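**Q** take this sequence and fold it.
(5 chains)
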Amino acid sequence: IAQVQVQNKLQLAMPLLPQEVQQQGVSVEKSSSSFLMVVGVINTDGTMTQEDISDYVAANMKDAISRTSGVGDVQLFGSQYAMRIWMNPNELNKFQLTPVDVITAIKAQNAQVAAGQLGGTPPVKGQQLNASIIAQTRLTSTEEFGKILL
Amino acid sequence: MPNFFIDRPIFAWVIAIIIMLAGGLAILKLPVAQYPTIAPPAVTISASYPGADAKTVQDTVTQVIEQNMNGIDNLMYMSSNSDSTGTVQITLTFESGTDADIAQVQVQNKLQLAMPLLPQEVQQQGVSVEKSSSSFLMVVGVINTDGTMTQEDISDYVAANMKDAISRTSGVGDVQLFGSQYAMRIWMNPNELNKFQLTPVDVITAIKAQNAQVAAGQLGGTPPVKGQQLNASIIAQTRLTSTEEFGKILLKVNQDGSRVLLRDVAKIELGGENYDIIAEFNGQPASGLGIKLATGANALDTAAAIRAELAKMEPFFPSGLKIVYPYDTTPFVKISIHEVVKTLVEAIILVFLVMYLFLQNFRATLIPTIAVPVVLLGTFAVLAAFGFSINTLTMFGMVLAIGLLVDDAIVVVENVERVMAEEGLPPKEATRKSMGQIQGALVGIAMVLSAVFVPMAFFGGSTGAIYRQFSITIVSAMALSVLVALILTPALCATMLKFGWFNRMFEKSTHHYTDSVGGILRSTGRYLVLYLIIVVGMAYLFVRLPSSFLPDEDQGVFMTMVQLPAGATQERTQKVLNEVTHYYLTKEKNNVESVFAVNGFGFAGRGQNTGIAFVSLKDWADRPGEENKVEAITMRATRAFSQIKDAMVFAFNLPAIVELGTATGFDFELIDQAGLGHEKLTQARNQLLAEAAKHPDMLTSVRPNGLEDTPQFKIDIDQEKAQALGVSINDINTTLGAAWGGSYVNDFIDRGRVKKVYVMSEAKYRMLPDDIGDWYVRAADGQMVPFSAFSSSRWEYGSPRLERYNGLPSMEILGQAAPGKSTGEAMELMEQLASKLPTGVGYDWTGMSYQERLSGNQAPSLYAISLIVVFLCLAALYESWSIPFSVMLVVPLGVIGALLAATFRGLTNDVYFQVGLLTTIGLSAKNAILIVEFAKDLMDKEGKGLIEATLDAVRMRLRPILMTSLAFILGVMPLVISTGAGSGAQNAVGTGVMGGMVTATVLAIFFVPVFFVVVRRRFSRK
Amino acid sequence: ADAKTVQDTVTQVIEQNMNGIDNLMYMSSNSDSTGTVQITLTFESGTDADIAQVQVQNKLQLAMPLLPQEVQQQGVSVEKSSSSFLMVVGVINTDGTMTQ
Amino acid sequence: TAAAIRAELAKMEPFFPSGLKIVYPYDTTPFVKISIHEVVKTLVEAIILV
Amino acid sequence: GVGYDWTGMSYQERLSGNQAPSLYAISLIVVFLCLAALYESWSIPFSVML
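**A** Residues are numbered from 1 along each chain as shown, chains lettered A, B, ... in the order given. Coordinates below:
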């Protein structure tokens, strides 16, 4: 219940926190402050990095334990991956370009759009043939982000 | 206690009175519903992204809402659908006992905080978190009978006058609706609108200004100055309330004062929100309203109560609109509760008619009739004392126990006339002496029967709950009996006691029979060798008999399963529903009440593709033939339908507990577990599937419970091209969406209700790919560009339904046992088959085959502990690690016969038969308690002989057995075993008992005396 | 929002969902000319106010999305309400060094 | 709980990459097990000393 | 068309009153039964009750 009440009140503020903060994900937990245990993940093969494991572990093992009943909190000792657009300000300048530009770019070239379908839900006369119209797809590799048209 | 109670008498009654009062008083505080709450509790999150498609909905909504379901307590597993109508559904099934009222909070609260990461368009529609529990108290259906209202209009009336009316009605725990609510439709046209150089954006972002509503201020109000006379509230802009006000929307004006109204590019009019589910009731426009229970309410009370509120409002409907009931889970409960309560009334007369035909009174036989209805009314209070409800399960939980309730009554009042006759005292003084032979052995059948019952009520979950439903009812009745037979029946029959031809006509058969025992006991271990051949039969009778949950039953309705091929259309499916409608009406007009046909719903998925036919029948009365019932009509229809083209049309009868673990089948989940793709995961599944049909000796019907990949049309906006032209990705993407997907603009107030406004291209200019070019967007400079300038278009293979088990893309494949083998075997092969699949693919077990796993083999382990409590309990009743071993060997004598309903009918090993299998081991041991008690009573007290007592025990016993056994094999005889309708379990409840209660007696009489001697002569040595 | 265009547009929508909730005894709301809604659900004596609060928030949620944007991005609080103040600690300042 | 984390991970292991081990740096569970299994070990052996 | 109902204090008050001639009833019935019980007579209550 306490968790509930904390959260009803939080929820009233929610509309006031900067978009940037919501965007992250305001969390609300009911846990002990003590670590109950620490789960270590190594690479013997030397076949991966740390940079690689933080990510493996996150995309692959963190959600499970996170949803395990009784685990009121999980800390990841590291981080998951993200697409990283490590800007350079010279270049950005060379070609008359702010970071603003890069974002507004990354925004429209990296999207998922709903484009209805063919046998239109409320149809005509009488038609066979019905399939989804599929438009833009979110890029999925350093490779395509790289090809963004600036 | 009874001897220092026989006297009190007056007292008792009181007690009685009370018990009987409290019991009756509870019969009122009691809930009634077909079945009681037995599915693990679970919450579905549902969401919509208008005109989406799987991949989108899945990568844009579902994975979000999952990487968030965390910090929530008691999650068993979570499942997820992301189809291609733009709908996500996520269900989290919870641990068995978790309060569901707080499971839902925690979910929907950890959701509340993922929201901001959801697409602006989903956050509108609103994501829903309710309790998944499709146990439906009934589904009305408002139809109009004179083509004057449509699907959508009828929807509107229902949503505007009756929905709330019902929603606030004495019980109704949830009121869901079978249609829309009359959303404001505005159906653009590229042409009507290219001739102006307008996109849908100009339409969109211009409904938002015209149909808004802004704040203003008060006059005096907030801090004024001086003295002021007036304060009032300023009313600014406020929302349009008609299709006319929407027609007049200045979308633009060219140089000459041009009247470019919304009217002119589009087309306004009231219509549905959604438009791709078609409800029809016997060929007519339908739009019903489904309703759930209440939690602690009455299925009959509110059932009746709903019809009242409908009755009240029926003078209001204009153009003749009937209010039909193609599903009510009430007449089924009622003439199943009117039955059962008959079994009581009757099995009572059975103990009047027997008893009389044995003692021949009208004072002693009346005691039992007055004694039992007291034990019953009274258990109804202990039920209600544990929350329990009167329900199909708890109901039979007593009927299956009337045998044990009666036999206590008879046994007491019998052993008084086998004292006050056999050289005996008056009334009072006889009962007093008899409550010394039974006294101990009753408060000893009690503990014994507390075992072989309680160790039930302790099983897994989903099913384990159904069991408890019996246990608590029985063990409640059973123990409430012993209690009532130590206090009331002694003090009753000691204050009321002193057909014809009989007597000696029996008294020469007690002598004939007892000489089958003694005089034939010369060899001794003569018959024990036959008994090993009854055990060694039973142990073969088990393994053969098939397993089951709950005898599938005729309930008032059943369903047809239309399923058109890949790209098929709602229209194309209607015809296929039209045939079904016809066949069911025209060619079965004397069983079929109505077919409620809904196209757009279905089994494995939703879609323009499939539908489902809900068919309700005539009153089982008017369905007289045995083939006029359901198992037969489906027999027909099912096959009667495999005479249609591409349109797999099935038809099956619902399982008894509608919202529960169906087949004895398995539920298998193939999960991902590396960056393996859809495509990869498919190949993997397609292997397993293939590799599984190779073993029909072990699995039959391995199958995907999911849609297969279908084709799709990939519009593909060339960026550079658009950059070069004056046209922005934003205006592009909308316009495709807008036209084709439809979009939800703002709201407006039709008739004092808030109702949505949708905006979307007319059906004409949005059907075939060749239309894609129809549409233009205005670039930077102000010139319409056709999509072909900045698109390509290139047919490809997608997936209309994407699946996920516990946060990883799954693929649910469900298959059946095997004609011969056991579910546990099917599962276990299915696992070896899983085990040789391309690395990075895993399997998990869900649904039924999830409980089946966790719990599973337990029945032969809990009873391992009943038996140990029974022996340990029993031994103390006597005084030996030996004498009780004589009472237990009775067990099989009930099994066999009961187990011999593999023959005397064609049936299966199920919940019912098993509870019956307990009531039968119940009388059987309780008889062996009394017999072995006498053989120890007069052998201990009157000093009697090694085998003198054994003769004189069964001597004084043979009739008490015979009295009750005949009451029962006739009390269990009626519609119970050989029934018409509203039945099924009826046959199951009894057939177990009936024969098997035969062998429990007509075989335990020659046998248990033998049992008392095969111990003692072995225990004590020489 | 002005009462008629307040209630019915928000009040209805919430009110409309407040069905199911165990031991509901009597609901009663009122729109406002300021645009302010107060639905009150008072449950049977006995009744676990905390578990009562919880359902009144488990239903309210199904109403939420159907509510205006401004109404949403603002309030909507469900709280274990009473009616009568117990106390009124007032506060004045001696020596007109302070104001209303 | 730590039964179930250790149980979850279990069903997770089969599908890792090449040289990926779960190691156990820190954990309060075992002591608490070893702890009571010593107080109860005493419970026995001291009935052995009666 | 216009109906009514009590609320707050009223609804509580009303309820109190309607209950009473269902309260006195049971209470009596309980006493009566309690005498017959541990005073042995199906007749002395009949007379105490008077």
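
**Q** chain center to stretch A:112-120, what's the gap?
**A** Mean-position distance between stretch A:112-120 and its chain equals 24 Å (C-alpha atoms, centre = their mean, to the nearest Å).

**Q** over to stretch A:64-82?
**A** So, by C-alpha atoms, centre = their mean, the centroid of stretch A:64-82 is 15 Å from its chain's centroid.

**Q** tell me the buried residues in that stretch?
**A** Neighbour-count burial for stretch A:64-82 flags A:64, A:65, A:66, A:67, A:68, A:69, A:71, A:74 (criterion: 16 or more other C-beta atoms under 10 Å in any protein chain shown). Heads up, the C-betas are built off the backbone N, CA and C, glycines and all.

**Q** which two among these are spaced furthest apart?
**A** A:69 and A:74 (12.8 Å; C-beta to C-beta).

**Q** picking that back up, nearest to chain E among the buried residues of stretch A:64-82?
**A** Nearest to chain E among those, counting by C-beta to the nearest C-beta, is residue A:69 at 42.2 Å.

**Q** save the buried residues of stretch A:64-82 as CSV, and put in distance to chain D and secondary structure too.
**A** Listed next are the buried residues of stretch A:64-82 as CSV, based on distance: C-beta to the nearest C-beta, whole Å; DSSP: H, G, I helix; E, B strand; the rest coil:
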residue, distance to chain D, secondary structure
A:64, 5, helix
A:65, 5, helix
A:66, 10, helix
A:67, 9, helix
A:68, 5, coil
A:69, 7, coil
A:71, 6, coil
A:74, 10, coil
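
**Q** of those residues, list those near chain B.
**A** When C-beta under 8 Å from any C-beta of the partner chain is applied, the members of the buried residues of stretch A:64-82 adjacent to chain B are A:64, A:66, A:67, A:68, A:69, A:74.

**Q** return the member of the residues you listed nearest to residue A:145.
**A** residue A:66 (27.8 Å).

**Q** hmm, back to that, now tabulate the buried residues of stretch A:64-82 in JSON lines and tack on distance to residue A:100.
**A** As requested, the buried residues of stretch A:64-82 are exported to JSON lines (distance: C-beta to C-beta, whole Å):
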{"residue": "A:64", "distance to residue A:100": "39"}
{"residue": "A:65", "distance to residue A:100": "39"}
{"residue": "A:66", "distance to residue A:100": "35"}
{"residue": "A:67", "distance to residue A:100": "38"}
{"residue": "A:68", "distance to residue A:100": "42"}
{"residue": "A:69", "distance to residue A:100": "45"}
{"residue": "A:71", "distance to residue A:100": "41"}
{"residue": "A:74", "distance to residue A:100": "36"}
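
**Q** turn those into TSV, columns for distance to chain E.
**A** Formatted as TSV, those follow (distance: C-beta to the nearest C-beta, whole Å):
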residue	distance to chain E
A:64	51
A:65	51
A:66	47
A:67	45
A:68	47
A:69	42
A:71	46
A:74	49
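
**Q** from those residues, pick the one nearest residue A:108.
**A** Among the buried residues of stretch A:64-82, residue A:66 lies closest to residue A:108 (C-beta to C-beta), at 32.7 Å.

**Q** which ones are touching the residue nearest to that closest one when sequence neighbours are not counted?
**A** Once flanking residues are discounted, residue A:66 sits nearest to residue B:70: 4.3 Å by C-beta to C-beta, 6 or more residues apart in numbering or on different chains. Neighbour list for residue B:70: A:63, A:66, A:67, A:74, B:110 [criterion: C-beta atoms under 8 Å, 6 or more residues apart in numbering or on different chains].

**Q** which residues of chain A fall in helices?
**A** Along chain A, counting by DSSP state H, helices occupy A:2-13, A:19-24, A:51-57, A:63-67, A:89-94, A:99-109, A:142-146.

**Q** for chain D, what's its nearest residue on chain A.
**A** When scored by C-beta to the nearest C-beta, chain A has residue A:45 as its residue closest to chain D, at 2.5 Å.

**Q** please report how far the residue lying farthest from the centre of chain A lies from chain C.
**A** What lies farthest from the middle of chain A is residue A:125; by C-alpha atoms, centre = their mean that is 43.7 Å. When C-beta to the nearest C-beta, to the nearest Å is the yardstick, residue A:125 and chain C sit 35 Å from each other.

**Q** over to residue A:105?
**A** Computed as C-beta to the nearest C-beta, the residue A:105 to chain C distance reads 29 Å.

**Q** and what of residue A:38?
**A** Distance from residue A:38 to chain C, by C-beta to the nearest C-beta: 35 Å.

**Q** with residue A:102 instead?
**A** Distance from residue A:102 to chain C, by C-beta to the nearest C-beta: 30 Å.

**Q** equivalent analysis for residue A:3, please.
**A** Using C-beta to the nearest C-beta, one obtains 11 Å as the distance from residue A:3 to chain C.

**Q** same check, this time on residue A:112
**A** Applying C-beta to the nearest C-beta to residue A:112 and chain C gives a distance of 21 Å.

**Q** next, that residue: phi, psi?
**A** phi -130, psi 120 (degrees, to the nearest 10).

**Q** then residue A:138?
**A** Backbone torsions of residue A:138, given as degrees, to the nearest 10, read phi -70, psi 130.

**Q** give me the residue from chain A nearest chain C.
**A** Closest point on chain A to chain C, by C-beta to the nearest C-beta, is residue A:15, at 4.3 Å.

**Q** how far away is that residue from chain E?
**A** Distance from residue A:15 to chain E, by C-beta to the nearest C-beta: 34 Å.

**Q** same thing with residue A:16?
**A** Separation of residue A:16 from chain E (C-beta to the nearest C-beta): 36 Å.

**Q** over to residue A:42?
**A** Residue A:42 is 67 Å from chain E, by C-beta to the nearest C-beta.

**Q** longest strand in chain A, please.
**A** Of all the elements of type strand in chain A, the one with the most residues (DSSP state E) is strand A:37-43.

**Q** that one vs helix D:29-45, what angle?
**A** Going by axes from the mean of the first three to the mean of the last three C-alpha atoms, to 10 degrees, strand A:37-43 is angled at 120 degrees with respect to helix D:29-45.

**Q** who does strand A:37-43 pair up with?
**A** The pairing partners recorded for strand A:37-43 under DSSP bridges are strand D:20-27 (antiparallel).

**Q** how about the strand it pairs with as CSV, C-alpha atoms only?
**A** Once non-C-alpha atoms are left out, strand D:20-27 reads as follows in CSV (Å, rounded to 0.1, in the frame of the first residue of the first chain):
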residue,chain,number,x,y,z
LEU,D,20,30.4,-16.4,-20.4
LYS,D,21,30.3,-17.6,-16.8
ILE,D,22,28.1,-16.5,-13.9
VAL,D,23,30.4,-16.1,-10.9
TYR,D,24,29.2,-15.2,-7.4
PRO,D,25,31.2,-12.2,-6.0
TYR,D,26,29.0,-11.4,-3.0
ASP,D,27,26.0,-13.1,-1.4
